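Coming up is one lone chain in structure tokens, specifically the form deposited in one PDB entry.
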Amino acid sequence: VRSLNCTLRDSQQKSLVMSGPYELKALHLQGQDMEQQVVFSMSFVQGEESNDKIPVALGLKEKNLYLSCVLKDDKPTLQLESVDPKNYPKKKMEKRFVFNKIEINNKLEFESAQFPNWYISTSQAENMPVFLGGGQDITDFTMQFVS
């Protein structure tokens, strides 16, 4: 499987950092604090594809942790999920790990492949969790490539 290391920033230009072991949060960051941002390994996985819709998995660089979409208290919910480090990443990722990376107006949205029309989202407020949203909440991102 092919993977690229990258960071993400929301359309309000908030960066993403760890919020405990299994959550991410978004906040405005600049300067030395930039080292705190999460670096993703974006893997290009199997799934239905178009020019503007590309299936990816979002793992944390050098960690056996992936973003995943599951029902929690009966609601679609973004979680960080651990995996066996000997088996990942792989080309045929389970559907809960797959996001459709969609380019619209020079920004990216990440739609859950498991839950159509649910998107990786951030709040306008500082220091709040990254979540799966189904308006005020931000669903557009840019990507920064990392060496």
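All residue numbers are counted from 1 along the displayed sequence. C-alpha atoms forming the largest set that superposes within 1.5 Å between two forms make up the rigid core.
If you look for the form deposited with a partner chain bound, you will not find it shown, but the lines that follow are about it.
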| property | result |
| --- | --- |
| Contact flag, residue 121 vs the partner chain in the entry with it bound, heavy atom cut 4.5 Å | no |
| Partner contact for residue 110 in the entry with it bound: the partner chain, 4.5 angstroms, heavy atom | no |
| Displaced position between this form and the one not shown, chosen from 90, 61, 96, 28 (C-alpha, 2 Å or more, rigid core) | 61 |
